[PDB]
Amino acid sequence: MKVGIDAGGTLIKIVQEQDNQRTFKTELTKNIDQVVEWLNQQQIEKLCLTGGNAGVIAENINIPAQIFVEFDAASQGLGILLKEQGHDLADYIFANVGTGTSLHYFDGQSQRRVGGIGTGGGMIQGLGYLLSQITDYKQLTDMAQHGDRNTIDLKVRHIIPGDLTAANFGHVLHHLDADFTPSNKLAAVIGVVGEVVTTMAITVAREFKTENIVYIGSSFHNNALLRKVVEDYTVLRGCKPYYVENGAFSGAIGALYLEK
């Protein structure tokens, strides 16, 4: 088999390919040593790595490894997944919502980083923990799904489509009578992260004259709400959103594809 790995600061994404069948696997970066042991007890044709922790895995294994720069790997992997899923875009902005968020413009041939921002999955987890004391990712995200943001966010609807948020968390001081439940607070956290990401995305989309915006990154994992927030807001701000199944593995898949 062939193995493509994207070892990020939070999650390690692994793509195993064999007999024209690829398996996706995700492990926490805190358990990177476990990924190392797993690799050594495996017979591998080619190992391709990317991500900030590629080196940590490389210097502790017993076979050579081809390492690639993450932005180009992600870009290549994403292009492959898009085509496999029926999308044929001439150009687009792709936002990799990982620990933080990186924005890239793909002109149809190559990618270039055009922006980044501290709002992403790490904030969802971090701020999410501060507001609910929940550390388990699945528990955190599951809970957020059924939350109501109306008593927390101030929208145009309350005071440009009425669906636009005028101020995130700007309604709180108007509902001190309300029950700011864990579910509601988390939904608002996801709301602001999603909206900020989208607002940055549609801004660069306008700048680089593309109306297509592709969303990837593990932050969407087990979080339907985040995806809904971004897709909807993207439409509202006038661009076309595209979610990619297993898009979080764009880097791992791209790395494998780039092997020489």
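In case it trips you up, residue 1 is the first one in the sequence shown, and so on.
The deposited sequence places 4 to 9 unmodelled residues between residue 159 and residue 160.
Relative to one another, 28-36 and 63-71 have unequal mean CA B-factors, and 28-36 is the one with the higher figure. When 214-222 is weighed against 39-47, 39-47 comes out higher, by mean CA B-factor as recorded in the entry. Reading the B-factor column for the CA atoms of 110, 184, 168, 99 in the entry, the top value corresponds to 110.
Among the modelled residues of its chain, residue 246 has a C-alpha B-factor that falls in the middle third according to the deposited record.
For residue 253, the recorded CA B-factor ranks within the lowest third of the chain. Only modelled residues enter the ranking. Among the modelled residues of its chain, residue 149 has a C-alpha B-factor that falls in the middle third according to the deposited record. Among the modelled residues of the chain, residue 5 sits in the lowest third by CA temperature factor in this PDB entry. In this PDB entry, residue 22 carries a Cα temperature factor that places it within the highest third of its chain's modelled residues.
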